[PDB]
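Just so you know, all these numbers are worked out from the coordinates, no wet-lab data involved. No Cβ is skipped: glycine too gets one built from the backbone with ideal geometry, and neighbour counts run over all protein chains shown.
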Amino acid sequence: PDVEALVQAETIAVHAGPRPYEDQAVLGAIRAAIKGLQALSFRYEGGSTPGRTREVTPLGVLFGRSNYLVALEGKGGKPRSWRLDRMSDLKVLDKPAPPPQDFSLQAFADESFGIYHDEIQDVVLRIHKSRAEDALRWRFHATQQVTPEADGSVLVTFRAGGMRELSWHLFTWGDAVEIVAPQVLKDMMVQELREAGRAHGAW
Amino acid sequence: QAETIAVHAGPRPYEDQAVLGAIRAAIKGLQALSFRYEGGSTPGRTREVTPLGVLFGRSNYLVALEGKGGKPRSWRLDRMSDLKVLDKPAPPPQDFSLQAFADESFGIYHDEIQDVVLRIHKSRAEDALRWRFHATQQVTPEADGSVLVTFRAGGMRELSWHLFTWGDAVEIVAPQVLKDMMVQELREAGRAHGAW
């Protein structure tokens, strides 16, 4: 697999700065369930039925600042991401739960910057010349294409879901990023900026 | 494929997979690691270290110590090259913790250490209780259901970026430098994106 995932799974790498409290016992239960080809049950403090017990076929773990279990809930259910920081009362069931042989975990991981895989967006950004070199060493997405423009800017294009999380990241680029598309990313960014600007007394 | 781990999509630095592989092999084998280090005091010099772990973030770092009795410190992955796993013993210090290093003073950040005081609105208080802002943090319920979060840390720039992810649910009580930074970044990004 990706070495970036490997070193985090092995606790050789940590994400600096604020992040969820996460219990290594939860990861151990998931790994044991996957290794044994067994079903996994847990209490999920999220979604419509908070505190309810869910039984899933676990498929893998997505590693990042927050970690996610990818799993199918019930025959006919789709691959879905569950945040590890909302999972408790893990039980490795004494029941076989074979995964599909077509599913690509790393393909699934790249569909979205967030929890939901609903609408993939065609994202187009323009990074101003002052940050252009940084942009050339920056991994926005696995699918990205970077194009130098005539004035020293770089265009960055990629396809992904998860616009809220992406707009949080774009804040870190300051005034050096222009959002070219999609409109929903512009509107999300502007609404978040107005909310936070009012709250902090920026204007 | 039998793939059971993956990296969540998230914008992040380019990272040389070979470099992480060499660091991981050195750490698992309890072996020393050598590399050319760009910049710093002796640019381009070959350094030999006891490797300890990796930090992901705004930039990626090796955590490692140099020389007998050396103190753990950070090295930028993007200034490292010519990695070699050596056949010398390099066990970690008996008291070393990667997560503690991640939170320790001047481990990666260079600004002044601040007393951070935040108030988080009731609508996100449950989330704040399950959130690890810093190892030194204390969270205190207020009578109106909000929570107070206090901690002592550097890295105000990175912290202000993270606070943007809490929206209108976080009030910065202190330090003033964090307030000012937050406001300046909001005004700049707001003007750039057309929000005011």
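Things to note:
- Residue within segment B:33-47 that is buried (at least 19 other Cβ atoms within 10 Å of the Cβ) and either in a loop (DSSP other than H, G, I, E, B) or β-branched (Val, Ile, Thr) (or both) present: no
- Residue list for segment B:168-196, filter: under 22 Å from A:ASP187 (Cα atoms), in contact (Cβ under 8 Å) with a residue 24 or more places away in the chain and of a type in the set (D, E, K, R): B:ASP168, B:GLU185
- Evaluation of A:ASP175 against (1) among the acidic types (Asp, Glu); (2) within 12 Å of another protein chain (Cβ to nearest Cβ); (3) surrounded by fewer than 16 Cβ atoms within 10 Å (Cβ to Cβ) (one fails), failing number: (3)
- Odd one out for A:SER112 among (1) surrounded by 21 or more Cβ atoms within 10 Å (Cβ to Cβ); (2) closer than 30 Å to A:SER48 by Cα; (3) more than 11 Å from every other protein chain (Cβ to nearest Cβ): (3)
- Any chance B:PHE96 is among the aromatic types (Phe, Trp, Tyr) and closer than 25 Å to A:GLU165 by Cβ: no
- Any hit, segment B:182-192, residues being surrounded by 18 or more Cβ atoms within 10 Å (Cβ to Cβ) and either part of a strand (DSSP E or B) or more than 7 Å from chain A (Cβ to nearest Cβ) (or both): no
- Only a single criterion out of (1) away from chain B (no Cβ under 14 Å); (2) surrounded by 13 or more Cβ atoms within 10 Å (Cβ to Cβ); (3) among the β-branched types (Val, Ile, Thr); (4) out of contact with any helix residue (DSSP H, G or I) (no Cβ under 6 Å at 6 or more places or on another chain) is not satisfied by A:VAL123, namely (1).
- Residue match in segment A:156-167 (condition: out of contact with any helix residue (DSSP H, G or I) (no Cβ under 9 Å at 6 or more places or on another chain), assigned to a helix (DSSP H, G or I) and either at negative phi or free of Cβ contacts under 8 Å to residues at least 24 places away in the same chain (or both)): yes
- Any hit, segment A:148-155, residues being within 12 Å of another protein chain (Cβ to nearest Cβ) and more than 17 Å from B:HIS193 (Cα to Cα): no
- Checking the stated criteria, A:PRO50 turns out not to satisfy the condition of being over 28 Å from A:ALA16 (Cα atoms) and surrounded by 15 or more Cβ atoms within 10 Å (Cβ to Cβ).
- Checked against (1) touching a helix residue (DSSP H, G or I) at 6+ places or on another chain (Cβ under 7 Å); (2) small (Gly, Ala, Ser); (3) more than 10 Å from chain B (Cβ to nearest Cβ), A:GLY76 passes all but condition (1).
- All strands (runs of 3 or more DSSP E) inside segment A:70-139 with 1 or more residues being without any contact (Cβ under 8 Å) to a residue 60 or more places away in the chain and among the aromatic types (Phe, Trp, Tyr): A:79-83
- Only one of the listed residues (B:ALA26, B:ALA2, B:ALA9) is aliphatic (A, V, I, L, M), more than 21 Å from the chain's Cα centre (by Cα), within 14 Å of chain A (Cβ to nearest Cβ) and part of a loop (DSSP other than H, G, I, E, B). That residue is B:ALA2.
- Of all residue pairs spaced 6 or more apart or on separate chains, those with beta-carbon atoms under 7 Å, a first member in segment A:47-65 that is free of Cβ contacts under 8 Å to residues at least 12 places away in the same chain and a second member that is among the acidic types (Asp, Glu) are A:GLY51/A:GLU45.
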